[PDB]
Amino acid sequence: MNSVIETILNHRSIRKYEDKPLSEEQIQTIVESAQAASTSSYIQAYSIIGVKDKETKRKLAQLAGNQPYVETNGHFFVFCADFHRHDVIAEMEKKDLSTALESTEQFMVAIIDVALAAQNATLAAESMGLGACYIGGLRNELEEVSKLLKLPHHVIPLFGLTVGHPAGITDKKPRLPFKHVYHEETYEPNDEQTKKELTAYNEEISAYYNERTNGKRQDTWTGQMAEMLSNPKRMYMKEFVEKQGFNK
């Protein structure tokens, strides 16, 4: 494969960094790379908050569920869905844009917009020899996160992005089989076939954990999924998102 494909395939989430800041040029390059992503209808429905203040990074680490790589890294970015910019447009153009901005369709548009930009930011950071990790943990405390970043109405944090010089190495995490995720023409019609593919993946995941922990853990992927999904959390999300002006 070419340079781009080799970098994409080399990815693993890095959770241990040097306490050494990135240069302004590295930060700008990451952001400009994020912006170059496709955007539905040229909407650019995102904002990125860079956090360098040590006191704020420490509070964000605690809010994310005590993730120390949010406090100790090269830079911390907060990726936000942003329709506040479009509320400003509504005033400039003297047109009511609320029906569209508050709709489920636009909420999906904003989430996609942010995520495409974030993945470009991740790849740009990784191509510069930096480690990266998405921080969905911020969603445990979106109200407190929003207050710390002084977000106005119609701006929601979706996740953080830690970047920096790695202070260690980790292995690649095996993904579901290509032929399981990718379907030709139509979705897999037989659930017994899906179970069969998940059973084979479980054997791979169990062996992967067994080898990496020297037998301490042998969790199957379906076992791990059922464990987390049977304990629903962030149930305040529907109400928080609506209060912010989205998915109403």
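In case it trips you up, residue 1 is the first one in the sequence shown, and so on.
Higher mean CA B-factor, judged across 93 to 101 and 74 to 82 from the recorded values: 93 to 101. Higher average CA B factor: 138 to 146, of the stretches 138 to 146 and 108 to 116. Per the deposited coordinates, the residue with the largest Cα temperature factor out of 49, 30, 200, 181 is 200. The PDB entry assigns residue 237 a C-alpha temperature factor belonging to the middle third of its chain's modelled residues. Placement of the Cα temperature factor of residue 231 within the chain: highest third of the modelled residues, per the deposited record. Ranked by Cα temperature factor within the chain, residue 8 sits in the middle third according to the deposited record.
Ranked within its chain, residue 160 lands in the lowest third, by CA B factor from the PDB record. Residue 168 sits in the highest third of its chain by CA B factor, as recorded in the PDB entry.
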